[PDB]
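Everything below concerns the one structure shown next.
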Amino acid sequence: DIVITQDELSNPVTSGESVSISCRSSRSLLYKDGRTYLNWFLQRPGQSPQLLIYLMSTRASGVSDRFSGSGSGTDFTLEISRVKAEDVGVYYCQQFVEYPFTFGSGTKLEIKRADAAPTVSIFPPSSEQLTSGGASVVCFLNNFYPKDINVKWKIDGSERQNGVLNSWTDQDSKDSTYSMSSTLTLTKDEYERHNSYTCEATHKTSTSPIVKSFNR
Amino acid sequence: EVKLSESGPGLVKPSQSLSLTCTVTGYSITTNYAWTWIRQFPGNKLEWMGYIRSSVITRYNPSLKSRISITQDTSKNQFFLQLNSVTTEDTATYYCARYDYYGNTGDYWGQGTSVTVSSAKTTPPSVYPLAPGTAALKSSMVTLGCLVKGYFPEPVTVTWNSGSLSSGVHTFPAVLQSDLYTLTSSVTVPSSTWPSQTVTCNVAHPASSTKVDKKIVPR
Ligand SMILES: COC(=O)[C@@H]1[C@H]2CC[C@@H](C[C@@H]1O)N2C
Ligand SMILES: [Zn+2]
Ligand SMILES: [Zn+2]
Ligand SMILES: [Zn+2]
Ligand SMILES: [Zn+2]
Ligand SMILES: [Zn+2]
């Protein structure tokens with residue numbers, strides 16, 4: 001079975017510069033008809049794979065001309081010219097010379113850009129959930145960069161670490177930033193035993209953490 | 001134009017059988033194209049499962065042994081996927097596509113369908129509105145959200161104002177815990193549009209045939 005390796009990530013590329021993504025095969029993909037059967041796909045988060053290149057260098061219909069492919073027999077390159085925010089996602093190559101057809105592991109295009117402070121919002125539990133016996137306090141940290149971020153919860157001044165769930169989105173297709181959701185879950189009774197709830201974010205964009213809070 | 005669309009159960013118990021359907025419109029499947037099934041595991045790994053061409057010819061991935069079968073109903077322009085004795089390792093997103101002799105698929109891929117193999121039970125989600133505590137700085141932006149908690153299995157579709165509200169929306173991946181998922185979504189809008197204009201989050205959970213529309217109202 002033909003194995004195709006791809007680097008997990010690319011060095012971050014600035015919107016505007018050109019980048020090259022590689023793919024290597026364990027066997028040659030040149031067919032007895034003189035054509036090399038290698039495909040290049042781009043998959044955006046939540047989207048289905050979309051063909052960019054087939055036959056190693058032919059661009060698919062409707063595909064932007066900023067995309068071009070080349071290669072020998074075991075080494076292939078996809079060149080993306082004048083990279084833009086929209087190109088973010090994972091790039092896969094696929095061999096179509098021998099059965100079973102196989103895909104490479106995928107290379108995620110990481111975009112580099114100017115640092116940005118996240119917009120922080122904190123939400124008290126809803127009255128609907130409070131009737132169920134549960135209580136979730138939610139905190140949203142939107143559109144920040146770089147992806148590295150630290151969130152801390154405090155109840156009445158003291159740090160609480162249990163009952164906290166976090167979630168991060170993929171790099172944004174429009175402005176190349178990251179977003180994150182942080183949820184603190186307590187029982188309704190526990191939530192009632194306190195008054196001050198705080199969400200603290202620590203980012204590279206500031207020495208002092210961004211703090212958001214409310215009083216029950 | 002040509003369109004492919006997968007359909008099938010979203011949850012299956014281990015050892016049982018999996019059946020999926022791909023409906024093709026705008027093009028006949030009795031043609032000599034490789035109407036194929038591909039799947040993507042959690043982790044993004046893609047695997048070729050097999051294909052059917054010219055109505056009566058097929059080929060399958062050897063790793064699927066003798067538990068896969070691909071057939072078609074010409075009168076409905078549909079081809080199917082059958083996978084027997086599944087295990088949790090068969091949990092993935094399933095896609096149908098149309099490959100040609102040269103490997104070109106064009107934009108002929110379905111939206112994909114999620115299949116989970118688990119003994120856990122289907123549970124509808126509870127949708128809770130997230131409105132800000134008090135009034136923030138006026139003449140600016142305001143973020144609202146929805147918390148979709150306790151459902152199984154994935155996925156769940158979340159939209160705002162039936163889709164008419166698209167920009168400024170962030171839906172975060174779900175976090176699994178105790179056989180139950182929790183997901184959140186935020187939307188940012190001018191402090192003017194809200195609460196003057198109504199903002200509603202629409203949540204649909206296919207596995208339970210449930211739909212919820214929760215309007216966001218000021219505290
Ligand atoms: C396993 O069969 C194949 O790969 C064939 C050959 C000929 C063209 C292309 C696609 C076919 O399925 N391949 C290079
Ligand atoms: Zn091998
Ligand atoms: Zn965004
Ligand atoms: Zn307490
Ligand atoms: Zn049509
Ligand atoms: Zn029939």
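Throughout, a chain's letter reflects where its sequence line sits, starting with A, and its residues are numbered from 1. Values reported hereafter were calculated over all heavy atoms of this structure, with side chains retained and with hydrogens, waters and symmetry mates removed.
When the side chain to side chain contact (heavy atoms under 4.5 Å, CB included) test is applied to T169(A), the partners found at least two apart in sequence or on another chain are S179(A), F172(B), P173(B). Qualifying ring-ring contact (aromatic ring centres under 6.0 Å, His included) partners for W160(B), counting only residues two or more places apart in sequence or in other chains: none. In this structure, the side chain to side chain contact (heavy atoms under 4.5 Å, CB included) partners of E1(B), at least two apart in sequence or on a different chain, are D107(B), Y108(B). Partners of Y54(A) under the ring-ring contact (aromatic ring centres under 6.0 Å, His included) rule, at least two apart in sequence or in another chain, do not exist in this structure. Residues passing the ring-ring contact (aromatic ring centres under 6.0 Å, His included) test with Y33(B) are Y27(B), sequence neighbours excluded. Considering only residues two or more places apart in sequence or on other chains, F80(B) meets the ring-ring contact (aromatic ring centres under 6.0 Å, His included) condition with none of them. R219(B) pairs by the side chain to side chain contact (heavy atoms under 4.5 Å, CB included) definition with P124(A), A131(B), not counting sequence neighbours. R59(A) is linked by a side chain to side chain contact (heavy atoms under 4.5 Å, CB included) to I53(A), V63(A), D65(A), counting only residues two or more places apart in sequence or in another chain.
Residue pairs satisfying the disulfide (SG to SG under 2.5 Å) criterion with at least one member in residues 153-216 of chain A, sequence neighbours excluded, are listed as follows: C139(A)-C199(A). Residues in residues 141-183 of chain A take part in no disulfide (SG to SG under 2.5 Å) pair, two or more places apart or across chains. Applying the disulfide (SG to SG under 2.5 Å) test to residues at least two apart or on different chains, none of the pairs has a partner in residues 161-192 of chain B.
Ring geometry for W109(B) against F41(A) counts as perpendicular: the plane angle is over 60°, on a 0 to 90° scale with 30° as the lower cut. Under the 30°/60° scheme for interplanar angles, the aromatic rings of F152(B) and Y181(B) are found to lie parallel.
Side-chain atoms of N32(B) and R53(B) form a donor-acceptor pair, as typed in the model, at a separation below 3.5 Å. Donor-acceptor pairing under 3.5 Å is lacking for the side chains of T107(A) and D7(A). Donor-acceptor pairing under 3.5 Å is lacking for the side chains of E200(A) and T202(A). Defined by atom type and a distance below 3.5 Å, a donor-acceptor pair is present between the side-chain atoms of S19(B) and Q82(B). Residues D73(B) and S75(B) have side chains that bring a donor and an acceptor to within less than 3.5 angstrom of each other. In the model, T93(B) has no side-chain atom that pairs as donor or acceptor with a side-chain atom of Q40(B) under 3.5 Å. Side chains of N166(A) and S182(A): a donor on one and an acceptor on the other come within 3.5 Å. Side-chain contact annotation: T187(A) with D189(A), donor-acceptor N/O pair under 3.5 Å absent. For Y51(B) and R59(B), the side-chain atoms include no donor-acceptor pair closer than 3.5 Å. Between the side chains of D115(A) and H203(A), no donor-acceptor pair of N or O atoms lies under 3.5 Å. Under 3.5 Å, the side chains of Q111(B) and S48(A) contain no donor-acceptor pair of N or O atoms. At a cut-off of 3.5 Å, with distance as the only test, no side-chain donor of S15(B) or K13(B) sits close to an acceptor on the other residue.
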Show every donor-acceptor pair shorter than 3.5 Å between a side-chain atom in residues 138-151 of chain B and any protein atom, with sequence neighbours excluded, or say none if there are none.
unit_1: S140(B); atom_1: OG; unit_2: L137(B); atom_2: O; d: 2.4
unit_1: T143(B); atom_1: OG1; unit_2: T188(B); atom_2: OG1; d: 3.1
unit_1: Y151(B); atom_1: OH; unit_2: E154(B); atom_2: OE1; d: 3.0

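For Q177(B), the CD atom counts as loosely surrounded, since its 6.0 Å shell holds 12 or fewer non-hydrogen atoms of other residues, nucleotides or ligands. In the displayed structure, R66(A) atom CZ is contacted under 6.0 Å by more than 12 heavy atoms of other residues, nucleotides or ligands. Within 6.0 Å of atom CD in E8(A), 12 or fewer heavy atoms from other residues, nucleotides or ligands are found, so the atom counts as exposed in its surroundings.
Residues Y99(B) and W48(B) place their aromatic rings such that the two centres sit no closer than 6.0 Å.
Of the options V115(B), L83(B), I70(B), a side chain to side chain contact (heavy atoms under 4.5 Å, CB included) to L20(B) is made by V115(B) and by none of the others.
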